[PDB]
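Quick notes on the structure that follows.
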Amino acid sequence: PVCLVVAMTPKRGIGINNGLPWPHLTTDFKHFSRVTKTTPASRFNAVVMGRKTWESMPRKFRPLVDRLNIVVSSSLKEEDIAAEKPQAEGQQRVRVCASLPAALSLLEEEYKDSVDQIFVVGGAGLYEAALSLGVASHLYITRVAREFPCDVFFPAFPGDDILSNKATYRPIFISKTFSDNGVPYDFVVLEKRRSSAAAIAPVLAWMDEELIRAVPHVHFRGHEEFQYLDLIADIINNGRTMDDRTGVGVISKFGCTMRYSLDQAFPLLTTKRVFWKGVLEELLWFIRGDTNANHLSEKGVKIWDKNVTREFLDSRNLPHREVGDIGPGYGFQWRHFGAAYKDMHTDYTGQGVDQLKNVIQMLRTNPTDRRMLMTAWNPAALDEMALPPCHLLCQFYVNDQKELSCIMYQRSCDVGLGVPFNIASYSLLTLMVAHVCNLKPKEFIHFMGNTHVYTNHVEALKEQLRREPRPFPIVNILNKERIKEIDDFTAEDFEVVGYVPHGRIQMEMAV
Amino acid sequence: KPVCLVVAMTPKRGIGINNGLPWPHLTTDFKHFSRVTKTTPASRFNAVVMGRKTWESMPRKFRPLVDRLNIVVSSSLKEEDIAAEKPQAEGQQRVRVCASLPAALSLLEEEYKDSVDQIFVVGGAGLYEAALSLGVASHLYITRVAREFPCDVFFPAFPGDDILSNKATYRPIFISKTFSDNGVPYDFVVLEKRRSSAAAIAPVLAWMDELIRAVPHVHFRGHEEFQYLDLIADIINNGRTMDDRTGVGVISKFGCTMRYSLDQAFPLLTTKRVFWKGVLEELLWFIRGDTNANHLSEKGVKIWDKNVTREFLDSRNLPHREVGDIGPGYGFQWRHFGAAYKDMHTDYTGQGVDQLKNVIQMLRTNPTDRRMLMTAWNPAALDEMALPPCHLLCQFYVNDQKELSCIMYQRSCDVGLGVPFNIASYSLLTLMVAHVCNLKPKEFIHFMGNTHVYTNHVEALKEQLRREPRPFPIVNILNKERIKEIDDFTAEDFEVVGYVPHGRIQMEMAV
Ligand SMILES: NC(=O)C1=CN([C@@H]2O[C@H](COP(=O)(O)OP(=O)(O)OC[C@H]3O[C@@H](n4cnc5c(N)ncnc54)[C@H](OP(=O)(O)O)[C@@H]3O)[C@@H](O)[C@H]2O)C=CC1
Ligand SMILES: NC(=O)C1=CN([C@@H]2O[C@H](COP(=O)(O)OP(=O)(O)OC[C@H]3O[C@@H](n4cnc5c(N)ncnc54)[C@H](OP(=O)(O)O)[C@@H]3O)[C@@H](O)[C@H]2O)C=CC1
Ligand SMILES: C#CCN(Cc1ccc2[nH]c(N)nc(=O)c2c1)c1ccc(C(=O)N[C@@H](CCC(=O)O)C(=O)O)cc1
Ligand SMILES: C#CCN(Cc1ccc2[nH]c(N)nc(=O)c2c1)c1ccc(C(=O)N[C@@H](CCC(=O)O)C(=O)O)cc1
Ligand SMILES: O=c1ccn([C@H]2C[C@H](O)[C@@H](COP(=O)(O)O)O2)c(=O)[nH]1
Ligand SMILES: O=c1ccn([C@H]2C[C@H](O)[C@@H](COP(=O)(O)O)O2)c(=O)[nH]1
Ligand SMILES: CCc1nc(N)nc(N)c1-c1ccc(Cl)cc1
Ligand SMILES: CCc1nc(N)nc(N)c1-c1ccc(Cl)cc1
């Protein structure tokens with residue numbers, strides 16, 4: 001019973017020029033060391049590596065301390081390694097075998113009392129052999145989210161859908177996303193499948209007195225996307241069927257919550273492709289205080305079009321509004337709160353309260369202040385808007401370490417469509433604010449009021465819950481030196497790195 | 001050998017009056033009793049031991065207790081007196097009579113070994129007194145009836161009866177959430193006499209894996225107050241030390257959530273005495289749109305006085321404000337959002353947005369609407385206020401069963417002083433609205449931004465965490481027929497029932 005341990009690109013790449021394809025990944029190395037070393041006294045673990053993998057290792061690190069090193073080789077000899085460096089006291093000598101079956105034979109013959117676990121450590125020669133013999137019970141795979149130039153690859157395997165889009169290996173463990181040197185990655189483990197409380201017990205039994213799961217097989221759910229996935233499952237299982245303004249049936253819950261880290265990776269949901277071009281353009285649109293939807297529409301972002309049509313503006317009793325005008329919508333209240341609205345063509349400079357500017361100035365001068373808020377909800381202007389703001393409020397917070405966190409409150413949440421878009425939107429805002437204020441992005445916290453999935457999304461979401469999430473990508477602000485104020489950001493100042501989502505799922509917008 | 005006591009008790013230890021139960025029927029308690037006394041893992045049954053009067057107080061259709069060996073402690077009653085009282089049913093045990101409790105336990109050893117599993121002392125005072133004297137009681141199943149009733153028979157005094165009211169040991173290991181039947185709140189406690197299937201995943205868990213706890217011995221933490229208590233412990237252990245507007249030190253966290261049920265009982269925190277007169281008078285003050293703090297101060301509610309002094313108004317750069325004038329604060333924005341403020345003496349009827357009326361009218365006509373929000377945050381009027389609103393937004397929600405839920409977002413939360421007050425303040429509003437909209441109150445959900453404990457509260461809070469909570473009280477709206485609109489409520493239309501909190505703890509307000 002052997003296990004495989006690997007770091008791997010989305011296209012199964014593992015090595016180039018007898019070396020690692022990516023810059024150093026410190027956390028992955030700490031992970032490798034820990035898994036391969038840890039034992040419950042009398043026993044040590046066995047690491048089996050190929051010749052080239054042995055050679056790729058720096059001479060300082062080889063042999064891997066506290067582990068029985070085994071090199072599969074025809075050309076190298078046991079003395080070549082013995083003469084490479086003097087053997088340190090209290091360590092087992094490196095054994096060389098012709099093949100992997102021979103390497104396992106040696107473990108049975110000589111070492112059956114000494115070793116607890118066996119690890120195949122690389123490279124492509126040993127992984128392929130181990131997969132051929134079917135001796136692999138588990139696969140410890142570090143999923144490098146970025147693609148790098150490679151000449152050596154891990155062989156394709158039934159269940160390699162965890163890496164990219166296309167006896168079996170099913171994920172049983174998925175971690176949160178880490179990143180080092182601008183390279184996002186996470187850790188998965190795949191399994192070969194094919195009277196202390198006795199007094200309390202009867203009281204609990206009477207009390208309890210009375211279906212849909214996300215990726216049920218995955219037992220450790222470290223990935224932060226599971227929040228969203230369990231949140232879907234939760235509303236489908238425990239929500240209530242309600243009527244709606246849209247006329248479409250809704251299954252709803254009230255007062256749900258999610259929070260996402262921004263220090264390592266970006267919470268751009270991987271279980272379905274997120275229209276990032278849309279989130280970026282809408283946020284930049286918001287920041288300008290622009291209320292003209294045709295500016296978004298001309299850029300290929302048609303997210304507001306169905307709610308600024310002649311027919312919708314008239315159902316909203318605003319026949320004087322031009323097609324496209326969202327009225328005093330989100331952006332207008334951010335930059336000109338309480339200002340008298342005319343149309344989308346009017347210059348509103350200096351008018352109203354510039355909430356965004358006040359939030360930033362307070363962050364840069366007095367970050368312990370507890371009044372760092374930005375609201376889009378204006379009861380006086382609600383009837384003039386094409387649609388009342390969903391995401392209506394956000395608060396900022398700075399800790400000891402100059403780390404910035406953002407809460408956002410949403411009155412109404414379309415889980416299937418709007419939420420993944422809203423997560424990414426305010427998470428992006430946090431990065432942008434964090435940079436302009438000289439702060440580290442830490443956390444985005446999502447507070448939700450009426451949390452609902454539309455009936456016509458249910459089947460499509462059930463499909464989405466069979467999908468095990470991929471590592472979160474990294475969003476980089478480019479041209480950091482040029483950007484000094486929040487208005488300095490443009491569409492091209494952003495780069496989404498290592499985003500490998502599952503395919504797009506069609507979900508109609510409830511008009 | 002060891003026995004378990006099962007009781008339903010008044011705060012003053014009362015268990016009975018006129019050879020009967022002091023309170024109206026509590027179905028859930030009667031269920032609890034039935035299940036704990038009956039449940040067994042085949043061949044065995046449990047034994048219930050009672051006094052002569054406890055047997056007599058019991059209805060005839062219920063005695064003997066089915067599927068349980070009944071033992072009566074008596075000197076006058078004989079075994080044939082009971083047998084002639086009712087024909088023994090097939091399968092059931094014959095009721096035994098013993099001259100004492102030690103004689104009862106001796107019979108359980110002599111004739112009923114291999115027959116009985118668990119022994120339960122079931123009353124009354126005579127038997128409870130003896131079982132505590134002998135020291136054979138390993139566990140006490142106590143149903144804490146929060147309401148005081150006329151009683152002539154009492155449960156004996158015991159070390160650790162501090163769980164009932166204010167003043168070898170019996171410490172709580174289980175505290176449930178508050179239930180209520182027939183307007184009588186109660187909960188359940190259990191005391192204790194003290195004086196490679198998944199293992200191939202654990203190594204990766206090991207390296208990813210990592211001081212103050214409230215009532216740590218209590219293992220089952222059903223009581224919803226534990227939310228508040230664990231939130232205190234969480235801030236102290238994991239929070240970050242920041243500076244603050246007031247100058248007083250602060251330990252803080254960001255993005256905290258609590259929720260409290262409103263259907264059974266009221267979340268008026270029991271682990272310290274909450275100034276309820278203050279929560280009621282301030283809320284009615286809000287409802288009136290009153291900005292004059294002297295109207296609260298005349299009634300003995302001085303919660304606002306330290307922020308309306310000549311000194312604080314001037315430090316806010318408001319020299320023209322009369323002493324008491326909070327400016328356009330919560331009350332004002334609720335009933336007159338956007339209205340141009342003059343002073344506290346001006347009549348603003350018909351001016352600005354009446355958010356409260358809009359919320360109620362929407363609830364009564366279109367409850368599936370997702371825009372039922374009320375906000376106090378008005379960035380245009382913030383500088384004119386004496387203090388920017390802490391609790392700045394609340395949203396309402398109605399479901400299938402005409403049940404009302406309410407979320408309140410609070411930008412800044414003084415956990416020691418303000419939080420308990422705010423929980424009661426909006427939970428009371430939810431009651432008030434629910435009645436006026438013909439809806440059942442369901443849940444209050446607390447969303448918290450900058451959640452902090454002041455450094456001069458830390459010692460007093462550590463003391464508070466040693467206290468286990470008491471059952472929640474019921475808040476009754478009196479004169480229901482008279483009250484039809486939200487403005488109809490008065491200070492006299494409310495009744496707190498069964499409130500038994502711990503002693504007040506002095507906590508200075510950071511000015
Ligand atoms: N990211 C990751 O997880 C890891 C990546 N790597 C990378 O992979 C590369 C090294 O792997 P790779 O190039 O495949 O070389 P290997 O480590 O597979 O070793 C190849 C040599 O070992 C012997 N050998 C290997 N497999 C067998 C077999 N089944 N039977 C008999 N002999 C065998 C052969 O010797 P002979 O020719 O004499 O028969 C062969 O020349 C490096 O670039 C390294 O950086 C390495 C480890 C982990
Ligand atoms: N809420 C609750 O948890 C419960 C409440 N109750 C209430 O309490 C009342 C009954 O309690 P209480 O008034 O104390 O009466 P008890 O049930 O304790 O019975 C008293 C009688 O039982 C016999 N007895 C009891 N203890 C002993 C002893 N140690 N040695 C010898 N004989 C004993 C004696 O009967 P004799 O004179 O025949 O020898 C005595 O007169 C009722 O009103 C009932 O409603 C009862 C049970 C549970
Ligand atoms: C939230 C938000 C911003 N908005 C604004 C907006 C306006 C009204 C709404 N109305 C309703 N009922 N649901 C919404 O999600 C919604 C969203 C969006 C609007 C549409 C799409 C959309 O058509 N779907 C995208 C998929 C993006 C994704 O997967 O998240 C598409 O492919 O076109 C996205 C965002
Ligand atoms: C929140 C709120 C309303 N308010 C208004 C108010 C105004 C400014 C504040 N400022 C700060 N820093 N903390 C607060 O809690 C606070 C509260 C209150 C103010 C004081 C007390 C108070 O002195 N404590 C009560 C005990 C009440 C309790 O048990 O919680 C007392 O007995 O005096 C209560 C409520
Ligand atoms: O950023 C947004 C904007 C809109 N919506 C969805 C949620 C609501 O279902 C709908 C707005 O309709 P009302 O909540 O106004 O009924 O749009 C979002 O989820 N996110
Ligand atoms: O209803 C209230 C009023 C005040 N505070 C507390 C929280 C803050 O610690 C303090 C106000 O300080 P700033 O947030 O304004 O700095 O008062 C509350 O918790 N609830
Ligand atoms: C530390 C990188 C690493 N990460 C993972 N997840 N698996 C591995 N097998 C390795 C590895 C690294 C160097 C060598 Cl020489 C062999 C294997
Ligand atoms: C069901 C009320 C009840 N609740 C609790 N928690 N304990 C009890 N011992 C009883 C009880 C009730 C009736 C009799 Cl006759 C004896 C005991």
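As shown in the structure tokens, the chain order sets the letters A, B, ...; within each chain, residues go from 1, and ligands are also counted from 1 in the order they appear.
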
Pick out the chain B residues within 8 Å of chain A. Count only C-alpha atoms. Give them as JSON, numbers by chain. {"B": [31, 32, 35, 36, 39, 139, 174, 190, 200, 201, 203, 204, 207, 240, 241, 242, 243, 244, 245, 254, 255, 337, 338, 352, 353, 355, 368, 369, 370, 371, 375, 377, 378, 379, 380, 388, 395, 397, 399, 400, 405, 407, 411, 412, 445, 447, 449, 450]}

Could you list, as a PDB file with N, CA and C atoms, in the first residue's frame, all the residues within 7 Å of ligand 3, counting only C-alpha atoms and all ligand atoms?
```pdb
ATOM      1  N   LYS A 272     -17.993  27.501 -11.272  1.00  0.00           N
ATOM      2  CA  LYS A 272     -18.495  27.969 -12.566  1.00  0.00           C
ATOM      3  C   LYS A 272     -17.744  29.245 -12.949  1.00  0.00           C
ATOM      4  N   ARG A 273     -17.541  29.450 -14.246  1.00  0.00           N
ATOM      5  CA  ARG A 273     -16.838  30.637 -14.725  1.00  0.00           C
ATOM      6  C   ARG A 273     -17.583  31.913 -14.334  1.00  0.00           C
ATOM      7  N   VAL A 274     -16.865  32.814 -13.670  1.00  0.00           N
ATOM      8  CA  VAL A 274     -17.398  34.119 -13.293  1.00  0.00           C
ATOM      9  C   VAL A 274     -17.009  35.153 -14.350  1.00  0.00           C
ATOM     10  N   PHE A 275     -17.990  35.951 -14.764  1.00  0.00           N
ATOM     11  CA  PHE A 275     -17.794  37.010 -15.745  1.00  0.00           C
ATOM     12  C   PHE A 275     -16.998  38.151 -15.110  1.00  0.00           C
ATOM     13  N   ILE A 303     -25.237  43.584 -18.200  1.00  0.00           N
ATOM     14  CA  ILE A 303     -25.834  43.153 -16.932  1.00  0.00           C
ATOM     15  C   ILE A 303     -27.002  44.022 -16.465  1.00  0.00           C
ATOM     16  N   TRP A 304     -27.007  45.291 -16.863  1.00  0.00           N
ATOM     17  CA  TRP A 304     -28.046  46.218 -16.418  1.00  0.00           C
ATOM     18  C   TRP A 304     -29.133  46.490 -17.454  1.00  0.00           C
ATOM     19  N   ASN A 307     -32.963  45.951 -17.068  1.00  0.00           N
ATOM     20  CA  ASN A 307     -33.558  46.765 -16.011  1.00  0.00           C
ATOM     21  C   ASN A 307     -33.504  48.263 -16.296  1.00  0.00           C
ATOM     22  N   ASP A 414     -29.585  36.977  -5.062  1.00  0.00           N
ATOM     23  CA  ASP A 414     -29.755  35.921  -6.044  1.00  0.00           C
ATOM     24  C   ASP A 414     -28.509  35.051  -5.940  1.00  0.00           C
ATOM     25  N   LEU A 417     -27.012  33.541  -9.441  1.00  0.00           N
ATOM     26  CA  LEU A 417     -26.493  34.511 -10.399  1.00  0.00           C
ATOM     27  C   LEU A 417     -25.670  35.615  -9.741  1.00  0.00           C
ATOM     28  N   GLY A 418     -26.309  36.372  -8.853  1.00  0.00           N
ATOM     29  CA  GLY A 418     -25.728  37.589  -8.292  1.00  0.00           C
ATOM     30  C   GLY A 418     -24.591  37.426  -7.299  1.00  0.00           C
ATOM     31  N   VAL A 419     -24.711  36.443  -6.411  1.00  0.00           N
ATOM     32  CA  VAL A 419     -23.770  36.283  -5.298  1.00  0.00           C
ATOM     33  C   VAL A 419     -22.303  36.107  -5.715  1.00  0.00           C
ATOM     34  N   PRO A 420     -21.992  35.143  -6.611  1.00  0.00           N
ATOM     35  CA  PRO A 420     -20.585  35.001  -7.014  1.00  0.00           C
ATOM     36  C   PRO A 420     -20.019  36.278  -7.639  1.00  0.00           C
ATOM     37  N   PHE A 421     -20.879  37.016  -8.336  1.00  0.00           N
ATOM     38  CA  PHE A 421     -20.553  38.321  -8.902  1.00  0.00           C
ATOM     39  C   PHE A 421     -20.307  39.352  -7.793  1.00  0.00           C
ATOM     40  N   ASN A 422     -21.175  39.360  -6.782  1.00  0.00           N
ATOM     41  CA  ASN A 422     -21.063  40.296  -5.658  1.00  0.00           C
ATOM     42  C   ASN A 422     -19.856  40.034  -4.755  1.00  0.00           C
ATOM     43  N   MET A 507     -27.780  30.514 -16.645  1.00  0.00           N
ATOM     44  CA  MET A 507     -28.824  30.866 -15.693  1.00  0.00           C
ATOM     45  C   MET A 507     -29.471  32.181 -16.114  1.00  0.00           C
ATOM     46  N   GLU A 508     -30.772  32.125 -16.386  1.00  0.00           N
ATOM     47  CA  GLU A 508     -31.530  33.290 -16.844  1.00  0.00           C
ATOM     48  C   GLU A 508     -31.725  34.317 -15.732  1.00  0.00           C
ATOM     49  N   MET A 509     -31.603  35.593 -16.091  1.00  0.00           N
ATOM     50  CA  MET A 509     -31.829  36.689 -15.156  1.00  0.00           C
ATOM     51  C   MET A 509     -33.328  36.939 -15.003  1.00  0.00           C
ATOM     52  N   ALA A 510     -33.836  36.759 -13.784  1.00  0.00           N
ATOM     53  CA  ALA A 510     -35.232  37.067 -13.472  1.00  0.00           C
ATOM     54  C   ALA A 510     -35.486  38.560 -13.676  1.00  0.00           C
ATOM     55  N   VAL A 511     -36.192  38.874 -14.760  1.00  0.00           N
ATOM     56  CA  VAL A 511     -36.339  40.249 -15.258  1.00  0.00           C
ATOM     57  C   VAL A 511     -37.014  41.216 -14.285  1.00  0.00           C
TER      58      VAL A 511
END
```

Determine which residues of stretch 164-285 of chain B DSSP labels as helix (DSSP H, G or I) from the backbone of this structure, then write them out as JSON, numbers by chain. {"B": [202, 203, 204, 205, 206, 207, 208, 226, 227, 228, 229, 230, 231, 232, 233, 234, 235, 236, 237, 238, 276, 277, 278, 279, 280, 281, 282, 283, 284, 285]}

Residue among B:372, B:423, B:82, B:168 lying closest to residue B:132, counting only C-alpha atoms: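 Ranking B:372, B:423, B:82, B:168 by distance to residue B:132, first place goes to B:168.
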
Residues up to 9 Å from ligand 7, counting only C-alpha atoms and all ligand atoms: could you list those as number ranges by chain? A: 4-8, 19-20, 24-33, 49, 52-58, 62, 119-123, 140-143, 187

Which residues are near ligand 8 in this structure, taking near to mean any atom at most 9 Å from a ligand atom and counting only C-alpha atoms and all ligand atoms? Format them as a PyMOL selection string. chain B and resi 5-9+15+20-21+25-34+50+53-59+63+120-124+141-144+188

Write a file of the just-selected residues containing N, CA, C and O atoms, as a short mmCIF file (atom, residue, chain, number, x, y, z; two decimals), in the first residue's frame.
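So again-v8.cif came out as:
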```cif
data_model
loop_
_atom_site.label_atom_id
_atom_site.label_comp_id
_atom_site.auth_asym_id
_atom_site.auth_seq_id
_atom_site.Cartn_x
_atom_site.Cartn_y
_atom_site.Cartn_z
N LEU B 5 -31.99 12.16 39.98
CA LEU B 5 -33.16 12.95 40.37
C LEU B 5 -33.71 13.68 39.16
O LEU B 5 -32.96 14.25 38.37
N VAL B 6 -35.03 13.65 39.01
CA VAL B 6 -35.68 14.37 37.93
C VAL B 6 -36.77 15.28 38.49
O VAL B 6 -37.70 14.83 39.15
N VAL B 7 -36.60 16.59 38.27
CA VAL B 7 -37.44 17.61 38.90
C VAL B 7 -37.81 18.77 37.99
O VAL B 7 -37.08 19.09 37.05
N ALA B 8 -38.94 19.39 38.30
CA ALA B 8 -39.33 20.67 37.72
C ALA B 8 -39.48 21.67 38.86
O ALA B 8 -40.24 21.44 39.80
N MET B 9 -38.75 22.78 38.77
CA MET B 9 -38.52 23.65 39.92
C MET B 9 -38.76 25.13 39.65
O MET B 9 -38.49 25.63 38.55
N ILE B 15 -41.86 23.20 44.14
CA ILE B 15 -42.20 22.06 43.28
C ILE B 15 -43.69 21.69 43.29
O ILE B 15 -44.16 21.00 42.39
N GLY B 20 -50.38 19.03 44.30
CA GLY B 20 -50.48 19.20 42.85
C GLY B 20 -49.40 20.12 42.34
O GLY B 20 -48.62 20.68 43.12
N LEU B 21 -49.34 20.29 41.02
CA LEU B 21 -48.31 21.11 40.39
C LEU B 21 -48.70 22.59 40.36
O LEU B 21 -49.84 22.92 40.02
N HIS B 25 -50.16 23.30 32.72
CA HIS B 25 -49.48 22.16 32.11
C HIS B 25 -48.37 22.58 31.14
O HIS B 25 -48.58 23.40 30.24
N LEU B 26 -47.18 22.01 31.34
CA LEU B 26 -46.04 22.22 30.45
C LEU B 26 -45.80 20.93 29.66
O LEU B 26 -45.16 20.00 30.16
N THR B 27 -46.32 20.89 28.44
CA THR B 27 -46.29 19.69 27.60
C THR B 27 -44.87 19.19 27.34
O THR B 27 -44.58 18.00 27.51
N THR B 28 -43.98 20.11 26.95
CA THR B 28 -42.60 19.79 26.62
C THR B 28 -41.85 19.19 27.81
O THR B 28 -41.03 18.28 27.64
N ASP B 29 -42.13 19.69 29.01
CA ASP B 29 -41.57 19.12 30.24
C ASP B 29 -42.09 17.71 30.47
O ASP B 29 -41.32 16.81 30.81
N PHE B 30 -43.39 17.52 30.28
CA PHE B 30 -44.04 16.22 30.46
C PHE B 30 -43.53 15.21 29.45
O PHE B 30 -43.48 14.01 29.72
N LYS B 31 -43.14 15.71 28.27
CA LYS B 31 -42.48 14.90 27.26
C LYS B 31 -41.07 14.53 27.74
O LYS B 31 -40.71 13.35 27.77
N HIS B 32 -40.30 15.54 28.13
CA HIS B 32 -38.95 15.35 28.67
C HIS B 32 -38.92 14.30 29.77
O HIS B 32 -38.10 13.38 29.73
N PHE B 33 -39.82 14.43 30.74
CA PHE B 33 -39.91 13.49 31.85
C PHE B 33 -40.19 12.07 31.36
O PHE B 33 -39.54 11.12 31.79
N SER B 34 -41.17 11.94 30.47
CA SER B 34 -41.61 10.65 29.95
C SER B 34 -40.48 9.89 29.25
O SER B 34 -40.38 8.67 29.37
N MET B 50 -40.85 7.09 44.14
CA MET B 50 -41.62 8.27 44.54
C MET B 50 -42.16 8.16 45.97
O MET B 50 -42.16 7.08 46.56
N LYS B 53 -47.36 10.84 48.65
CA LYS B 53 -48.16 11.98 48.17
C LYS B 53 -47.95 12.28 46.69
O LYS B 53 -48.88 12.72 46.01
N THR B 54 -46.74 12.04 46.19
CA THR B 54 -46.43 12.16 44.76
C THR B 54 -47.25 11.16 43.94
O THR B 54 -47.71 11.46 42.84
N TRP B 55 -47.42 9.97 44.51
CA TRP B 55 -48.28 8.94 43.93
C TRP B 55 -49.74 9.39 43.90
O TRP B 55 -50.45 9.15 42.92
N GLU B 56 -50.18 10.04 44.98
CA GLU B 56 -51.57 10.47 45.13
C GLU B 56 -51.91 11.70 44.29
O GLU B 56 -53.04 11.83 43.82
N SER B 57 -50.94 12.59 44.12
CA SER B 57 -51.10 13.81 43.32
C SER B 57 -51.28 13.50 41.84
O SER B 57 -51.83 14.30 41.08
N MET B 58 -50.80 12.32 41.46
CA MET B 58 -50.78 11.86 40.08
C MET B 58 -52.16 11.43 39.61
O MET B 58 -52.87 10.72 40.34
N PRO B 59 -52.56 11.84 38.39
CA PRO B 59 -53.84 11.42 37.82
C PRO B 59 -53.94 9.90 37.71
O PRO B 59 -52.92 9.23 37.52
N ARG B 63 -51.21 6.60 36.51
CA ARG B 63 -50.57 5.73 37.51
C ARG B 63 -51.04 4.27 37.45
O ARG B 63 -52.24 4.02 37.31
N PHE B 120 -34.63 6.28 39.16
CA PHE B 120 -34.98 7.70 39.16
C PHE B 120 -35.83 8.07 40.37
O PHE B 120 -36.94 7.56 40.54
N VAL B 121 -35.29 8.95 41.21
CA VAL B 121 -36.06 9.56 42.28
C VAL B 121 -36.93 10.64 41.64
O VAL B 121 -36.42 11.54 40.97
N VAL B 122 -38.24 10.53 41.85
CA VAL B 122 -39.22 11.32 41.11
C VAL B 122 -40.05 12.25 42.01
O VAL B 122 -40.91 12.98 41.53
N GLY B 123 -39.77 12.24 43.31
CA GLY B 123 -40.42 13.16 44.24
C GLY B 123 -41.15 12.47 45.38
O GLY B 123 -41.31 11.26 45.35
N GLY B 124 -41.59 13.24 46.38
CA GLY B 124 -41.41 14.69 46.43
C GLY B 124 -40.25 15.12 47.31
O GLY B 124 -39.21 14.45 47.35
N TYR B 141 -31.63 15.95 36.94
CA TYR B 141 -32.36 16.47 35.80
C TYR B 141 -33.34 17.53 36.28
O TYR B 141 -34.42 17.21 36.79
N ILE B 142 -32.96 18.79 36.11
CA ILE B 142 -33.75 19.90 36.62
C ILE B 142 -34.39 20.70 35.49
O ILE B 142 -33.69 21.16 34.58
N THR B 143 -35.71 20.82 35.55
CA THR B 143 -36.44 21.70 34.65
C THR B 143 -36.67 23.01 35.39
O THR B 143 -37.45 23.07 36.34
N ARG B 144 -35.97 24.05 34.96
CA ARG B 144 -36.05 25.35 35.61
C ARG B 144 -37.23 26.15 35.10
O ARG B 144 -37.16 26.77 34.04
N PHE B 188 -34.06 23.28 30.42
CA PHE B 188 -33.61 22.03 31.00
C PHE B 188 -32.12 22.07 31.29
O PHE B 188 -31.32 22.47 30.44
#
```

Considering only C-alpha atoms, return as a compact mmCIF listing (two decimals) with N, CA, C and O atoms, in the first residue's frame whatever protein or nucleic-acid residues lie within 10 Å of residue A:284, sequence-local ones (same chain, fewer than 4 positions apart) excluded.
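The new file part.txt reads:
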```txt
# COMPACT_ATOMS: atom_id res chain seq x y z
N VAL A 279 -17.52 42.23 -13.61
CA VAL A 279 -17.34 42.74 -12.24
C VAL A 279 -16.40 43.94 -12.23
O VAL A 279 -16.63 44.91 -11.50
N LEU A 280 -15.36 43.88 -13.05
CA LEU A 280 -14.36 44.94 -13.15
C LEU A 280 -14.94 46.21 -13.74
O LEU A 280 -14.73 47.31 -13.21
N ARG A 288 -16.85 55.88 -10.72
CA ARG A 288 -17.02 57.13 -11.45
C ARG A 288 -18.31 57.85 -11.08
O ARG A 288 -18.48 59.03 -11.38
N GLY A 289 -19.22 57.12 -10.44
CA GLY A 289 -20.54 57.65 -10.11
C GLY A 289 -21.41 57.71 -11.36
O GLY A 289 -22.36 58.49 -11.43
N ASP A 290 -21.05 56.89 -12.34
CA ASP A 290 -21.78 56.82 -13.60
C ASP A 290 -23.10 56.08 -13.39
O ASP A 290 -23.16 55.08 -12.66
N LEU A 296 -21.69 50.64 -19.98
CA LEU A 296 -21.38 49.24 -19.69
C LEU A 296 -21.72 48.35 -20.88
O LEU A 296 -20.97 47.43 -21.22
N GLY A 331 -23.71 53.93 -7.76
CA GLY A 331 -22.53 54.77 -7.92
C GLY A 331 -22.76 56.21 -7.54
O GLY A 331 -21.89 56.85 -6.95
N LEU A 429 -12.92 45.65 -4.75
CA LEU A 429 -12.94 46.98 -4.14
C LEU A 429 -11.97 47.05 -2.96
O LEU A 429 -11.26 48.03 -2.81
N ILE A 486 -8.12 56.50 -5.84
CA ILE A 486 -9.10 55.48 -6.26
C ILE A 486 -9.61 55.68 -7.69
O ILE A 486 -9.99 54.72 -8.37
N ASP A 487 -9.61 56.93 -8.15
CA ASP A 487 -10.05 57.28 -9.49
C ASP A 487 -9.00 56.97 -10.56
O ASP A 487 -9.29 57.04 -11.76
N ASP A 488 -7.79 56.63 -10.12
CA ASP A 488 -6.68 56.35 -11.03
C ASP A 488 -6.72 54.96 -11.66
O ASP A 488 -6.01 54.69 -12.63
N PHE A 489 -7.55 54.08 -11.10
CA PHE A 489 -7.69 52.72 -11.61
C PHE A 489 -8.39 52.70 -12.96
O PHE A 489 -9.40 53.37 -13.16
N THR A 490 -7.82 51.94 -13.89
CA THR A 490 -8.46 51.69 -15.19
C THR A 490 -8.63 50.18 -15.39
O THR A 490 -8.15 49.38 -14.59
N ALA A 491 -9.32 49.81 -16.47
CA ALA A 491 -9.64 48.41 -16.75
C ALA A 491 -8.40 47.54 -16.96
O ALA A 491 -8.44 46.33 -16.70
```
